[PDB]
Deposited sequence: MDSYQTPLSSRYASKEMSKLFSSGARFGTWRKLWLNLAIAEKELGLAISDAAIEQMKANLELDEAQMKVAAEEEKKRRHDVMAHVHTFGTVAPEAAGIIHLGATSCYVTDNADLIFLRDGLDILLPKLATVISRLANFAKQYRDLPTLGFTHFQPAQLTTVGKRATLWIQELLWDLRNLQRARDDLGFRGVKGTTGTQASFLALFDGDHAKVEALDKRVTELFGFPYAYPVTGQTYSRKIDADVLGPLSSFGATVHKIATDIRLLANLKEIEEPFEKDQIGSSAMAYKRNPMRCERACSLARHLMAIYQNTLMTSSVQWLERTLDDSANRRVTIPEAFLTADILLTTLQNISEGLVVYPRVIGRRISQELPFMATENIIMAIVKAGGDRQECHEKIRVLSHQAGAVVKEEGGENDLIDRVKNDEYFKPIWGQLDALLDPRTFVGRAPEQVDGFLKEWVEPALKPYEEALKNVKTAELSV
């Protein structure tokens, strides 16, 4: 109340918890526990009792945080403060906690755990959004709606088809973020400058024991491999290769929400549940998507000036940039989830706009109809052009409705097509392959993509 609190955590509690202090130091302890287990397996002198005391004390409490804070004020080393504090509650382990490791054994491996786990929180939520939009697209596959290019009237599309543009961008995000998560390895045990010198000495020169230790702690946290070559840290390029995809997802969210905000002004599509309504979720979505787009630059700059085996100018920036990116991404997915469940469509508003704009785009159909009934193209083209100009002036210069079809209905020249005119201007015949395109897309791209998330009800 007397200090600034980031609105990004005050938000799913699950993502917020992932990047909480309790989780950070708890994960350090899990790392210390598992290092001990793996070293003990490889023959180092670590008692059973040491393991049991550590296993039971993986979670910090406020009293221990106070011991840690006080130790840290003294020596100004957060990792050693927490080595010490772990040792007060697991006295039997006090001498072997962190054995052989450098600071990054916990700070960096925890961060890789949070990237991986954080991505595992995002991915089912993204799949949920994709699924709800896909249902919406299917439902509205063949509802004609005015096309827009330059945000000006254009060949009709369908409400469904337009939604598949949104879905297609999100499918690439699913692709990109699944890769980013699957590409992640474990730093494991690497030592102060990445040479594993302390662990090699610990195992009395046994290279295979060092390699086995690295593989073991990797396996214990569910990672597919240990990084083969590092300095002190995992490469900060890895942060860029995760937040890059996140920034692209930001652009996707921003476009989708901007589209709905335009459609809401047009009273055609609105957010789920008053005559006047503001697309507030979409506006919030855009606002935070923009943050996700900007924050990526931090990772590029950080990676670009990491000198040699590591410089510490990565640390403070990453404590901000990594949690905020994942919190923001998580808030966006939650917001999109709320938006996509029950989008409100107004077919009669959509239909009205089509009736006001389509006749200016149907003038070639009229010519074709006249010619087929034995008329002259150049004669019809000129007549319909005159009437189009007149109707255009009523709209723009008189602020009236489009009376082009009335003018045709009143002009005896068009007698050979009066009978077919309503069929001739049937919006369903103007949407090209839009409905078929939806069908193929949902079957060939969306459903295979959603298949690994099928357990989601």
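Residues of the deposited sequence lacking C-alpha coordinates, counted from 1, fall in the stretches 11-12, 276-285, 470-479.
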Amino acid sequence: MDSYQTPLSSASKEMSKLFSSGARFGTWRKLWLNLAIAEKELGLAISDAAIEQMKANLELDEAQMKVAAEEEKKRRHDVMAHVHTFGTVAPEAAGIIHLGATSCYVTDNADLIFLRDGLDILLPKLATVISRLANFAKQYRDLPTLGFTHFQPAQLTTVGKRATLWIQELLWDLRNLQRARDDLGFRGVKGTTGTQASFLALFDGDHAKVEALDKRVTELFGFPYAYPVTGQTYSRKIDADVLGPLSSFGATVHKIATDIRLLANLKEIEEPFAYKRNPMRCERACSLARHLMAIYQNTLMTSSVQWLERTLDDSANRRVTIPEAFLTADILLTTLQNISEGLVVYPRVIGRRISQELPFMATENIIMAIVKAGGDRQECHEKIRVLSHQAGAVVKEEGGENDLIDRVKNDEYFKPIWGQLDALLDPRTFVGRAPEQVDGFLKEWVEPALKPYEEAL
From here on, numbers count along this sequence of modelled residues.
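The deposited model assigns a higher average Cα B-factor to 357-365 than to the other stretch when 135-143 and 357-365 are compared. In this entry, 334-342 shows the higher mean Cα temperature factor of the pair 103-111 and 334-342.
Within the selection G419, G43, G432, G26, the deposited Cα B-factor values reach their highest point at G419.
Residue set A50, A68, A56, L35: peak C-alpha B-factor at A68 (per PDB entry).
Sorting the modelled residues of the chain by their CA temperature factor places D206 in the highest third. Ranked within its chain, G375 lands in the highest third, by CA B factor from the PDB record. Ranked by C-alpha B-factor against the other modelled residues of its chain, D173 falls in the middle third. Per-chain ranking of the deposited C-alpha B factor places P323 in the lowest third. Remark: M80 belongs to the middle third of its chain, ranked by C-alpha B-factor as recorded.
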